[PDB]
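Quick note: the coordinates plus some simple rules give every number you see, no bench work behind them. Neighbour counts are summed over all protein chains in view; Cβ atoms, including those assigned to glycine, are modelled from backbone coordinates with ideal geometry.
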């Protein structure tokens, strides 16, 4: 399938614990990330990537890039945090 040595660490809150993700790059869109995590933790389904800042929650698109979505802020990019939320329940897995 796909593979890439060079990657970036994306800080995203997963189950209360911020889990790092290696491999994600400017190119890698949000859809590729939101799924990567769900697959890493196990269970799979429909997840999303929300950014929390100064008490502001905003949903992102599956076509929008995670690294880029942040770059925007730049100076105040770090302050912004990521939270993987579920927008839909899981289905029949393992048969």
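Simple spin-label model, 7 Å along Cα-to-Cβ: residue 56 to residue 13 in nm?
If labels sit at residue 56 and residue 13, their model points lie 1.7 nm apart.
Grab the DSSP H runs of the chain that are 4 residues or longer, score each as -39,500 (n - 2.57), total them, divide by all residues and round the 222 nm result to the nearest 500 deg cm²/dmol.
-5500 deg cm²/dmol, from helical runs alone.
When a/c reaches 1.5 or more, the comparison of a/b and b/c decides; with that in mind, is the chain rounded, prolate or oblate per its Cα gyration tensor?
Since a/c reaches 1.5 but b/c is at least a/b, the shape of the chain is classed as oblate.
Once you have the Cα-Cα distance between residue 87 and residue 75, take 0.36 nm times their residue separation minus that, and quote the gain in nm to one decimal.
My answer for the length gained is 1.3 nm.
Using only Cα atoms, tell me the angle between helix 30-41 and the longest principal axis of the chain; keep it within 0 to 90° and round to the nearest 10.
50 degrees
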